[PDB]
>>> print(open('upload_33.pdb').read())   # PDB, N, CA and C atoms and all ligand atoms
ATOM      1  N   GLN N   1       0.847  -1.181   0.000
ATOM      2  CA  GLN N   1       0.000   0.000   0.000
ATOM      3  C   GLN N   1       0.881   1.229   0.000
ATOM      4  N   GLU N   2       0.480   2.243  -0.754
ATOM      5  CA  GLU N   2       1.156   3.529  -0.759
ATOM      6  C   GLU N   2       0.103   4.615  -0.693
ATOM      7  N   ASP N   3       0.310   5.597   0.172
ATOM      8  CA  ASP N   3      -0.517   6.793   0.219
ATOM      9  C   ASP N   3       0.373   8.016   0.119
ATOM     10  N   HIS N   4      -0.070   9.004  -0.645
ATOM     11  CA  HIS N   4       0.558  10.314  -0.683
ATOM     12  C   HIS N   4      -0.529  11.355  -0.534
ATOM     13  N   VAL N   5      -0.448  12.153   0.517
ATOM     14  CA  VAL N   5      -1.344  13.282   0.717
ATOM     15  C   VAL N   5      -0.517  14.548   0.618
ATOM     16  N   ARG N   6      -0.976  15.498  -0.184
ATOM     17  CA  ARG N   6      -0.313  16.786  -0.315
ATOM     18  C   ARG N   6      -1.346  17.877  -0.124
ATOM     19  N   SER N   7      -1.145  18.719   0.878
ATOM     20  CA  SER N   7      -2.027  19.847   1.125
ATOM     21  C   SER N   7      -1.229  21.129   1.005
ATOM     22  N   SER N   8      -1.772  22.090   0.279
ATOM     23  CA  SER N   8      -1.189  23.415   0.175
ATOM     24  C   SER N   8      -2.274  24.427   0.465
ATOM     25  N   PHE N   9      -1.978  25.366   1.342
ATOM     26  CA  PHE N   9      -2.923  26.393   1.730
ATOM     27  C   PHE N   9      -2.219  27.730   1.657
ATOM     28  N   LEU N  10      -2.821  28.676   0.968
ATOM     29  CA  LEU N  10      -2.263  30.007   0.844
ATOM     30  C   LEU N  10      -3.338  31.020   1.167
ATOM     31  N   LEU N  11      -3.006  31.963   2.030
ATOM     32  CA  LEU N  11      -3.916  33.035   2.382
ATOM     33  C   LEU N  11      -3.173  34.341   2.216
ATOM     34  N   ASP N  12      -3.819  35.305   1.593
ATOM     35  CA  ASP N  12      -3.259  36.624   1.385
ATOM     36  C   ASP N  12      -4.296  37.637   1.821
ATOM     37  N   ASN N  13      -3.853  38.736   2.406
ATOM     38  CA  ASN N  13      -4.804  39.704   2.920
ATOM     39  C   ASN N  13      -4.172  41.080   2.947
ATOM     40  N   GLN N  14      -4.932  42.084   2.532
ATOM     41  CA  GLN N  14      -4.457  43.458   2.494
ATOM     42  C   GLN N  14      -5.563  44.371   2.981
ATOM     43  N   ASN N  15      -5.225  45.287   3.875
ATOM     44  CA  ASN N  15      -6.138  46.330   4.307
ATOM     45  C   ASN N  15      -5.463  47.667   4.085
ATOM     46  N   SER N  16      -6.170  48.591   3.454
ATOM     47  CA  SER N  16      -5.639  49.918   3.192
ATOM     48  C   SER N  16      -6.653  50.935   3.674
ATOM     49  N   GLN N  17      -6.223  51.844   4.536
ATOM     50  CA  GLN N  17      -7.109  52.844   5.102
ATOM     51  C   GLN N  17      -6.466  54.214   4.986
ATOM     52  N   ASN N  18      -7.216  55.172   4.459
ATOM     53  CA  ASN N  18      -6.755  56.546   4.327
ATOM     54  C   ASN N  18      -7.797  57.459   4.941
ATOM     55  N   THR N  19      -7.341  58.479   5.651
ATOM     56  CA  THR N  19      -8.210  59.452   6.289
ATOM     57  C   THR N  19      -7.637  60.838   6.057
ATOM     58  N   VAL N  20      -8.492  61.785   5.696
ATOM     59  CA  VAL N  20      -8.097  63.172   5.502
ATOM     60  C   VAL N  20      -9.154  64.050   6.144
ATOM     61  N   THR N  21      -8.724  65.050   6.904
ATOM     62  CA  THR N  21      -9.630  66.009   7.522
ATOM     63  C   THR N  21      -9.019  67.392   7.395
ATOM     64  N   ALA N  22      -9.671  68.266   6.637
ATOM     65  CA  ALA N  22      -9.146  69.601   6.376
ATOM     66  C   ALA N  22     -10.162  70.628   6.848
ATOM     67  N   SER N  23      -9.776  71.447   7.815
ATOM     68  CA  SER N  23     -10.643  72.472   8.373
ATOM     69  C   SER N  23     -10.050  73.847   8.111
ATOM     70  N   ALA N  24     -10.921  74.839   7.965
ATOM     71  CA  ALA N  24     -10.514  76.219   7.746
ATOM     72  C   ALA N  24     -11.597  77.122   8.306
ATOM     73  N   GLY N  25     -11.283  77.827   9.381
ATOM     74  CA  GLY N  25     -12.227  78.735   9.993
ATOM     75  C   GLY N  25     -11.647  80.118  10.189
ATOM     76  N   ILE N  26     -12.260  81.114   9.566
ATOM     77  CA  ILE N  26     -11.862  82.503   9.725
ATOM     78  C   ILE N  26     -12.946  83.170  10.557
ATOM     79  N   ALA N  27     -12.533  83.997  11.508
ATOM     80  CA  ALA N  27     -13.451  84.605  12.461
ATOM     81  C   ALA N  27     -12.975  86.019  12.759
ATOM     82  N   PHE N  28     -13.624  87.001  12.145
ATOM     83  CA  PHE N  28     -13.358  88.397  12.449
ATOM     84  C   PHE N  28     -13.950  88.726  13.816
ATOM     85  N   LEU N  29     -13.969  90.011  14.160
ATOM     86  CA  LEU N  29     -14.491  90.453  15.452
ATOM     87  C   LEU N  29     -16.004  90.650  15.350
ATOM     88  N   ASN N  30     -16.719  89.530  15.455
ATOM     89  CA  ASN N  30     -18.179  89.521  15.540
ATOM     90  C   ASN N  30     -18.831  90.211  14.347
ATOM     91  N   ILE N  31     -18.269  90.017  13.157
ATOM     92  CA  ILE N  31     -18.853  90.511  11.916
ATOM     93  C   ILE N  31     -19.028  89.390  10.898
ATOM     94  N   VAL N  32     -17.966  88.636  10.630
ATOM     95  CA  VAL N  32     -18.008  87.523   9.689
ATOM     96  C   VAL N  32     -17.411  86.300  10.366
ATOM     97  N   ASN N  33     -18.066  85.154  10.203
ATOM     98  CA  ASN N  33     -17.569  83.886  10.724
ATOM     99  C   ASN N  33     -17.801  82.818   9.669
ATOM    100  N   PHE N  34     -16.724  82.182   9.209
ATOM    101  CA  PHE N  34     -16.768  81.287   8.057
ATOM    102  C   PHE N  34     -15.969  80.038   8.389
ATOM    103  N   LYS N  35     -16.639  78.895   8.486
ATOM    104  CA  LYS N  35     -15.977  77.654   8.866
ATOM    105  C   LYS N  35     -16.285  76.568   7.849
ATOM    106  N   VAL N  36     -15.246  75.878   7.385
ATOM    107  CA  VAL N  36     -15.365  74.849   6.358
ATOM    108  C   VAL N  36     -14.529  73.657   6.788
ATOM    109  N   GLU N  37     -15.165  72.514   7.020
ATOM    110  CA  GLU N  37     -14.435  71.303   7.368
ATOM    111  C   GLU N  37     -14.845  70.165   6.450
ATOM    112  N   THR N  38     -13.863  69.574   5.779
ATOM    113  CA  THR N  38     -14.089  68.467   4.865
ATOM    114  C   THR N  38     -13.447  67.229   5.456
ATOM    115  N   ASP N  39     -14.085  66.088   5.252
ATOM    116  CA  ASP N  39     -13.585  64.809   5.718
ATOM    117  C   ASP N  39     -13.554  63.829   4.557
ATOM    118  N   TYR N  40     -12.712  62.812   4.682
ATOM    119  CA  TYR N  40     -12.590  61.797   3.644
ATOM    120  C   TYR N  40     -12.048  60.541   4.298
ATOM    121  N   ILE N  41     -12.745  59.431   4.132
ATOM    122  CA  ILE N  41     -12.283  58.137   4.606
ATOM    123  C   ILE N  41     -12.306  57.173   3.435
ATOM    124  N   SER N  42     -11.350  56.255   3.408
ATOM    125  CA  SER N  42     -11.295  55.252   2.354
ATOM    126  C   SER N  42     -10.728  53.982   2.960
ATOM    127  N   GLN N  43     -11.568  52.971   3.134
ATOM    128  CA  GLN N  43     -11.168  51.728   3.775
ATOM    129  C   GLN N  43     -11.427  50.590   2.804
ATOM    130  N   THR N  44     -10.380  49.842   2.463
ATOM    131  CA  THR N  44     -10.478  48.749   1.505
ATOM    132  C   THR N  44      -9.859  47.504   2.111
ATOM    133  N   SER N  45     -10.490  46.357   1.893
ATOM    134  CA  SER N  45      -9.961  45.067   2.305
ATOM    135  C   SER N  45      -9.921  44.139   1.106
ATOM    136  N   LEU N  46      -9.018  43.171   1.139
ATOM    137  CA  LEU N  46      -8.921  42.213   0.047
ATOM    138  C   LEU N  46      -8.233  40.964   0.559
ATOM    139  N   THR N  47      -8.967  39.864   0.647
ATOM    140  CA  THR N  47      -8.409  38.593   1.080
ATOM    141  C   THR N  47      -8.566  37.578  -0.034
ATOM    142  N   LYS N  48      -7.542  36.763  -0.229
ATOM    143  CA  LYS N  48      -7.519  35.761  -1.282
ATOM    144  C   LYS N  48      -7.023  34.457  -0.688
ATOM    145  N   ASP N  49      -7.840  33.418  -0.742
ATOM    146  CA  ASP N  49      -7.436  32.111  -0.258
ATOM    147  C   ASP N  49      -7.134  31.197  -1.429
ATOM    148  N   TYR N  50      -6.560  30.049  -1.112
ATOM    149  CA  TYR N  50      -6.297  29.035  -2.114
ATOM    150  C   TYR N  50      -5.988  27.751  -1.373
TER     151      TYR N  50
ATOM    152  N   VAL U   1     -14.249  24.659 -48.087
ATOM    153  CA  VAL U   1     -15.634  24.902 -48.463
ATOM    154  C   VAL U   1     -16.335  25.542 -47.279
ATOM    155  N   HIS U   2     -16.932  26.709 -47.501
ATOM    156  CA  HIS U   2     -17.630  27.399 -46.427
ATOM    157  C   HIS U   2     -18.856  26.595 -46.028
ATOM    158  N   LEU U   3     -18.834  26.046 -44.816
ATOM    159  CA  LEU U   3     -19.982  25.289 -44.339
ATOM    160  C   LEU U   3     -21.051  26.219 -43.780
ATOM    161  N   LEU U   4     -20.704  27.001 -42.758
ATOM    162  CA  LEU U   4     -21.680  27.893 -42.143
ATOM    163  C   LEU U   4     -20.980  28.898 -41.244
ATOM    164  N   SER U   5     -21.452  30.140 -41.263
ATOM    165  CA  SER U   5     -20.974  31.179 -40.361
ATOM    166  C   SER U   5     -22.156  31.689 -39.551
ATOM    167  N   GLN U   6     -22.002  31.719 -38.230
ATOM    168  CA  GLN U   6     -23.058  32.196 -37.349
ATOM    169  C   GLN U   6     -22.459  32.923 -36.156
ATOM    170  N   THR U   7     -23.249  33.820 -35.579
ATOM    171  CA  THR U   7     -22.830  34.629 -34.445
ATOM    172  C   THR U   7     -23.470  34.124 -33.160
ATOM    173  N   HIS U   8     -22.682  34.117 -32.089
ATOM    174  CA  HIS U   8     -23.120  33.600 -30.804
ATOM    175  C   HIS U   8     -22.848  34.641 -29.731
ATOM    176  N   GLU U   9     -23.807  34.811 -28.826
ATOM    177  CA  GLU U   9     -23.736  35.803 -27.765
ATOM    178  C   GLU U   9     -23.849  35.113 -26.416
ATOM    179  N   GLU U  10     -23.165  35.662 -25.416
ATOM    180  CA  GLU U  10     -23.193  35.087 -24.080
ATOM    181  C   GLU U  10     -22.834  36.149 -23.054
ATOM    182  N   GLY U  11     -23.600  36.197 -21.966
ATOM    183  CA  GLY U  11     -23.328  37.130 -20.890
ATOM    184  C   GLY U  11     -22.394  36.517 -19.868
ATOM    185  N   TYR U  12     -21.341  37.255 -19.526
ATOM    186  CA  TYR U  12     -20.364  36.794 -18.553
ATOM    187  C   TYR U  12     -19.967  37.955 -17.657
ATOM    188  N   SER U  13     -19.730  37.648 -16.389
ATOM    189  CA  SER U  13     -19.291  38.634 -15.414
ATOM    190  C   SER U  13     -17.808  38.429 -15.149
ATOM    191  N   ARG U  14     -16.993  39.368 -15.611
ATOM    192  CA  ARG U  14     -15.554  39.315 -15.413
ATOM    193  C   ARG U  14     -15.186  40.163 -14.206
ATOM    194  N   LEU U  15     -14.452  39.574 -13.274
ATOM    195  CA  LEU U  15     -14.015  40.264 -12.071
ATOM    196  C   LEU U  15     -12.553  40.649 -12.243
ATOM    197  N   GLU U  16     -12.239  41.929 -12.055
ATOM    198  CA  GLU U  16     -10.865  42.393 -12.183
ATOM    199  C   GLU U  16     -10.539  43.384 -11.078
ATOM    200  N   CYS U  17      -9.289  43.363 -10.633
ATOM    201  CA  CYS U  17      -8.807  44.245  -9.583
ATOM    202  C   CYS U  17      -7.712  45.147 -10.134
ATOM    203  N   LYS U  18      -7.821  46.442  -9.850
ATOM    204  CA  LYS U  18      -6.877  47.431 -10.348
ATOM    205  C   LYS U  18      -6.414  48.315  -9.204
ATOM    206  N   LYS U  19      -5.157  48.740  -9.260
ATOM    207  CA  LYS U  19      -4.569  49.591  -8.230
ATOM    208  C   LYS U  19      -4.637  51.034  -8.712
ATOM    209  N   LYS U  20      -5.588  51.795  -8.178
ATOM    210  CA  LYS U  20      -5.729  53.204  -8.517
ATOM    211  C   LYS U  20      -4.953  54.041  -7.512
ATOM    212  N   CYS U  21      -4.089  54.917  -8.017
ATOM    213  CA  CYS U  21      -3.311  55.837  -7.196
ATOM    214  C   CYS U  21      -3.673  57.258  -7.603
ATOM    215  N   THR U  22      -4.416  57.948  -6.747
ATOM    216  CA  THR U  22      -4.722  59.355  -6.951
ATOM    217  C   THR U  22      -3.692  60.203  -6.219
ATOM    218  N   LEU U  23      -3.178  61.216  -6.917
ATOM    219  CA  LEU U  23      -2.148  62.116  -6.407
ATOM    220  C   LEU U  23      -0.867  61.376  -6.041
ATOM    221  N   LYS U  24      -0.681  60.177  -6.591
ATOM    222  CA  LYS U  24       0.489  59.329  -6.380
ATOM    223  C   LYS U  24       0.701  58.967  -4.918
ATOM    224  N   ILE U  25      -0.238  59.323  -4.043
ATOM    225  CA  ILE U  25      -0.138  58.980  -2.628
ATOM    226  C   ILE U  25      -1.353  58.229  -2.110
ATOM    227  N   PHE U  26      -2.541  58.421  -2.676
ATOM    228  CA  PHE U  26      -3.727  57.680  -2.258
ATOM    229  C   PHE U  26      -3.839  56.475  -3.181
ATOM    230  N   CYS U  27      -3.188  55.387  -2.790
ATOM    231  CA  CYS U  27      -3.168  54.163  -3.573
ATOM    232  C   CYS U  27      -4.061  53.118  -2.922
ATOM    233  N   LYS U  28      -5.022  52.615  -3.688
ATOM    234  CA  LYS U  28      -5.917  51.582  -3.196
ATOM    235  C   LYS U  28      -6.206  50.617  -4.331
ATOM    236  N   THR U  29      -6.367  49.345  -3.989
ATOM    237  CA  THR U  29      -6.771  48.332  -4.957
ATOM    238  C   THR U  29      -8.286  48.226  -4.897
ATOM    239  N   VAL U  30      -8.938  48.431  -6.033
ATOM    240  CA  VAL U  30     -10.381  48.294  -6.152
ATOM    241  C   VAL U  30     -10.676  47.121  -7.070
ATOM    242  N   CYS U  31     -11.543  46.224  -6.618
ATOM    243  CA  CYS U  31     -11.982  45.089  -7.414
ATOM    244  C   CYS U  31     -13.406  45.353  -7.872
ATOM    245  N   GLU U  32     -13.641  45.230  -9.171
ATOM    246  CA  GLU U  32     -14.953  45.458  -9.747
ATOM    247  C   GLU U  32     -15.282  44.349 -10.732
ATOM    248  N   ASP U  33     -16.560  43.998 -10.794
ATOM    249  CA  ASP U  33     -17.052  43.001 -11.727
ATOM    250  C   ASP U  33     -17.888  43.683 -12.798
ATOM    251  N   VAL U  34     -17.630  43.326 -14.048
ATOM    252  CA  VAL U  34     -18.320  43.902 -15.190
ATOM    253  C   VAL U  34     -19.075  42.789 -15.892
ATOM    254  N   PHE U  35     -20.375  42.982 -16.080
ATOM    255  CA  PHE U  35     -21.197  42.036 -16.821
ATOM    256  C   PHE U  35     -21.222  42.474 -18.278
ATOM    257  N   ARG U  36     -20.585  41.692 -19.141
ATOM    258  CA  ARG U  36     -20.478  42.011 -20.555
ATOM    259  C   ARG U  36     -21.128  40.909 -21.371
ATOM    260  N   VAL U  37     -21.773  41.298 -22.462
ATOM    261  CA  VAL U  37     -22.371  40.355 -23.395
ATOM    262  C   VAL U  37     -21.365  40.162 -24.522
ATOM    263  N   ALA U  38     -20.524  39.141 -24.390
ATOM    264  CA  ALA U  38     -19.531  38.845 -25.408
ATOM    265  C   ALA U  38     -20.191  38.190 -26.611
ATOM    266  N   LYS U  39     -19.863  38.693 -27.796
ATOM    267  CA  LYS U  39     -20.413  38.197 -29.050
ATOM    268  C   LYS U  39     -19.259  37.815 -29.962
ATOM    269  N   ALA U  40     -19.329  36.623 -30.543
ATOM    270  CA  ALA U  40     -18.287  36.128 -31.433
ATOM    271  C   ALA U  40     -18.918  35.405 -32.611
ATOM    272  N   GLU U  41     -18.366  35.620 -33.799
ATOM    273  CA  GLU U  41     -18.839  34.963 -35.013
ATOM    274  C   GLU U  41     -17.907  33.801 -35.320
ATOM    275  N   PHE U  42     -18.470  32.601 -35.406
ATOM    276  CA  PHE U  42     -17.710  31.427 -35.803
ATOM    277  C   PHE U  42     -18.042  31.064 -37.243
ATOM    278  N   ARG U  43     -17.006  30.785 -38.025
ATOM    279  CA  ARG U  43     -17.137  30.383 -39.419
ATOM    280  C   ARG U  43     -16.521  29.000 -39.569
ATOM    281  N   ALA U  44     -17.371  27.989 -39.709
ATOM    282  CA  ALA U  44     -16.924  26.621 -39.891
ATOM    283  C   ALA U  44     -16.907  26.273 -41.370
ATOM    284  N   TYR U  45     -15.819  25.634 -41.791
ATOM    285  CA  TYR U  45     -15.596  25.194 -43.157
ATOM    286  C   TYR U  45     -15.386  23.687 -43.154
ATOM    287  N   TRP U  46     -15.120  23.135 -44.333
ATOM    288  CA  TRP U  46     -14.728  21.738 -44.443
ATOM    289  C   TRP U  46     -13.920  21.557 -45.716
ATOM    290  N   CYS U  47     -12.949  20.655 -45.665
ATOM    291  CA  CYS U  47     -12.013  20.451 -46.760
ATOM    292  C   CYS U  47     -12.506  19.310 -47.637
ATOM    293  N   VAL U  48     -12.798  19.618 -48.893
ATOM    294  CA  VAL U  48     -13.145  18.605 -49.875
ATOM    295  C   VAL U  48     -11.960  18.434 -50.815
ATOM    296  N   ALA U  49     -11.906  17.272 -51.456
ATOM    297  CA  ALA U  49     -10.841  17.001 -52.410
ATOM    298  C   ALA U  49     -11.003  17.888 -53.635
ATOM    299  N   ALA U  50      -9.964  18.669 -53.940
ATOM    300  CA  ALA U  50     -10.016  19.536 -55.110
ATOM    301  C   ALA U  50     -10.114  18.733 -56.400
TER     302      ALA U  50
HETATM  303  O1  LIG K 101     -23.572  35.473 -13.583
HETATM  304  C1  LIG K 101     -24.471  35.819 -14.628
HETATM  305  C2  LIG K 101     -24.495  34.760 -15.703
HETATM  306  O2  LIG K 101     -24.209  33.510 -15.054
HETATM  307  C3  LIG K 101     -23.987  32.439 -15.952
HETATM  308  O3  LIG K 101     -22.786  32.629 -16.659
HETATM  309  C4  LIG K 101     -21.573  32.648 -15.896
HETATM  310  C5  LIG K 101     -20.767  31.412 -16.247
HETATM  311  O4  LIG K 101     -21.534  30.243 -15.992
HETATM  312  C6  LIG K 101     -19.493  31.387 -15.418
HETATM  313  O5  LIG K 101     -18.611  30.387 -15.915
HETATM  314  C7  LIG K 101     -18.803  32.747 -15.450
HETATM  315  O6  LIG K 101     -18.813  33.277 -14.157
HETATM  316  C8  LIG K 101     -17.533  33.296 -13.527
HETATM  317  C9  LIG K 101     -16.680  34.366 -14.159
HETATM  318  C10 LIG K 101     -15.394  33.828 -14.764
HETATM  319  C11 LIG K 101     -14.441  34.902 -15.259
HETATM  320  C12 LIG K 101     -13.775  35.696 -14.146
HETATM  321  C13 LIG K 101     -12.793  34.880 -13.311
HETATM  322  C14 LIG K 101     -11.936  35.689 -12.333
HETATM  323  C15 LIG K 101     -11.801  34.987 -10.988
HETATM  324  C16 LIG K 101     -10.943  35.781 -10.008
HETATM  325  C17 LIG K 101      -9.569  36.065 -10.586
HETATM  326  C18 LIG K 101      -9.682  36.766 -11.928
HETATM  327  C19 LIG K 101     -10.547  35.966 -12.898
HETATM  328  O7  LIG K 101     -19.392  33.613 -16.420
HETATM  329  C20 LIG K 101     -20.795  33.907 -16.244
HETATM  330  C21 LIG K 101     -20.910  35.001 -15.209
HETATM  331  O8  LIG K 101     -21.551  36.152 -15.741
HETATM  332  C22 LIG K 101     -25.127  32.335 -16.957
HETATM  333  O9  LIG K 101     -24.669  32.724 -18.247
HETATM  334  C23 LIG K 101     -26.286  33.224 -16.525
HETATM  335  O10 LIG K 101     -26.802  32.784 -15.274
HETATM  336  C24 LIG K 101     -25.838  34.675 -16.423
HETATM  337  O11 LIG K 101     -25.707  35.236 -17.723
END
>>> encode(input="upload_33.pdb", output="structure tokens")
Amino acid sequence: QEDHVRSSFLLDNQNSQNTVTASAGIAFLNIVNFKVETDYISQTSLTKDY
Amino acid sequence: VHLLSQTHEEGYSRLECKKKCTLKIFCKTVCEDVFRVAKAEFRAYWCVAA
């Protein structure tokens, strides 16, 4: 009797996350008040098995 | 000898992953699937003795 078992397992995984927050607020002496805040998130995952 | 030429259509979803880099610093791999209706014309012939 002869047996040969061969198992191969491969797992790959990548996570990429980017965040940006840009604020700009100008405030005179109780005449003009201007505030602008922008946000940006980017979250990506990728897993590959075999 | 031209036997027959006919066109065949089939819908297939191709999955592809691409690395998009915006501003050369925001690099992310995005995987997208595109459903395309591939169409191909097959022309079958046959060889007779000249
Ligand atoms: O899904 C929608 C279609 O599903 C079937 O057709 C399937 C077909 O039976 C299968 O073999 C392949 O799907 C799998 C896609 C194979 C090509 C991409 C492979 C990727 C895998 C990851 C690494 C890169 C290559 O095509 C289409 C999918 O539209 C039928 O035609 C019908 O139900 C419909 O039109």
>>> interface_residues(input="upload_33.pdb", of="chain N", to="chain U", cutoff="8 Å", atoms="all atoms listed in the file", output="list in words")
residues 16, 17, 18, 44, 45 and 46 of chain N
>>> closest_atom_pairs(input="upload_33.pdb", of="chain U", to="ligand LIG 101 (chain K)", cutoff="8 Å", atoms="only C-alpha atoms and all ligand atoms", output="Markdown table")
| residue | atom | partner | partner_atom | distance |
| --- | --- | --- | --- | --- |
| U:10 | CA | K:LIG101 | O9 | 6.5 |
| U:11 | CA | K:LIG101 | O11 | 4.4 |
| U:12 | CA | K:LIG101 | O8 | 3.1 |
| U:13 | CA | K:LIG101 | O8 | 3.4 |
| U:14 | CA | K:LIG101 | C12 | 4.2 |
| U:15 | CA | K:LIG101 | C12 | 5.0 |
| U:16 | CA | K:LIG101 | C18 | 5.8 |
| U:17 | CA | K:LIG101 | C18 | 7.9 |
| U:35 | CA | K:LIG101 | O8 | 6.0 |
| U:36 | CA | K:LIG101 | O8 | 7.7 |
>>> axis_aligned_box(input="upload_33.pdb", around="range 12-16 of chain N", padding_each_side="5 Å", output="lines of an AutoDock Vina configuration file")
center_x = -5.0
center_y = 43.1
center_z = 2.8
size_x = 13.4
size_y = 25.6
size_z = 12.9
>>> select_by_dssp(input="upload_33.pdb", residues="chain U", states="strand (DSSP E or B)", output="PyMOL selection string")
chain U and resi 2-22+26-45
>>> resolve_selection(input="upload_33.pdb", expression="the PyMOL selection byres (((chain U and resi 43) around 8) and not hetatm)", output="list in words")
residues 2, 3, 4, 5, 6, 7, 40, 41, 42, 44, 45 and 46 of chain U
>>> residues_near_point(input="upload_33.pdb", point="(-7.5, 38.5, 0.4)", cutoff="7 Å", atoms="only C-alpha atoms", output="PDB file with N, CA and C atoms, in the frame of the given file")
ATOM      1  N   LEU N  11      -3.006  31.963   2.030  1.00  0.00           N
ATOM      2  CA  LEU N  11      -3.916  33.035   2.382  1.00  0.00           C
ATOM      3  C   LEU N  11      -3.173  34.341   2.216  1.00  0.00           C
ATOM      4  N   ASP N  12      -3.819  35.305   1.593  1.00  0.00           N
ATOM      5  CA  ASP N  12      -3.259  36.624   1.385  1.00  0.00           C
ATOM      6  C   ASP N  12      -4.296  37.637   1.821  1.00  0.00           C
ATOM      7  N   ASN N  13      -3.853  38.736   2.406  1.00  0.00           N
ATOM      8  CA  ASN N  13      -4.804  39.704   2.920  1.00  0.00           C
ATOM      9  C   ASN N  13      -4.172  41.080   2.947  1.00  0.00           C
ATOM     10  N   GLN N  14      -4.932  42.084   2.532  1.00  0.00           N
ATOM     11  CA  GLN N  14      -4.457  43.458   2.494  1.00  0.00           C
ATOM     12  C   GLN N  14      -5.563  44.371   2.981  1.00  0.00           C
ATOM     13  N   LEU N  46      -9.018  43.171   1.139  1.00  0.00           N
ATOM     14  CA  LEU N  46      -8.921  42.213   0.047  1.00  0.00           C
ATOM     15  C   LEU N  46      -8.233  40.964   0.559  1.00  0.00           C
ATOM     16  N   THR N  47      -8.967  39.864   0.647  1.00  0.00           N
ATOM     17  CA  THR N  47      -8.409  38.593   1.080  1.00  0.00           C
ATOM     18  C   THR N  47      -8.566  37.578  -0.034  1.00  0.00           C
ATOM     19  N   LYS N  48      -7.542  36.763  -0.229  1.00  0.00           N
ATOM     20  CA  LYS N  48      -7.519  35.761  -1.282  1.00  0.00           C
ATOM     21  C   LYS N  48      -7.023  34.457  -0.688  1.00  0.00           C
ATOM     22  N   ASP N  49      -7.840  33.418  -0.742  1.00  0.00           N
ATOM     23  CA  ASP N  49      -7.436  32.111  -0.258  1.00  0.00           C
ATOM     24  C   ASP N  49      -7.134  31.197  -1.429  1.00  0.00           C
TER      25      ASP N  49
END
>>> closest_residue(input="upload_33.pdb", among="N:15, N:21, N:50, N:7", to="residue 37 in chain N", atoms="only N, CA and C atoms")
N:21
>>> atom_distance(input="upload_33.pdb", atom1="CA of residue 39 in chain N", atom2="CA of residue 32 in chain U")
24.8 Å
>>> atom_distance(input="upload_33.pdb", atom1="atom N of residue 35 in chain N", atom2="atom C of residue 22 in chain N")
10.6 Å
>>> atom_distance(input="upload_33.pdb", atom1="CA of residue 20 in chain N", atom2="CA of residue 18 in chain U")
22.4 Å
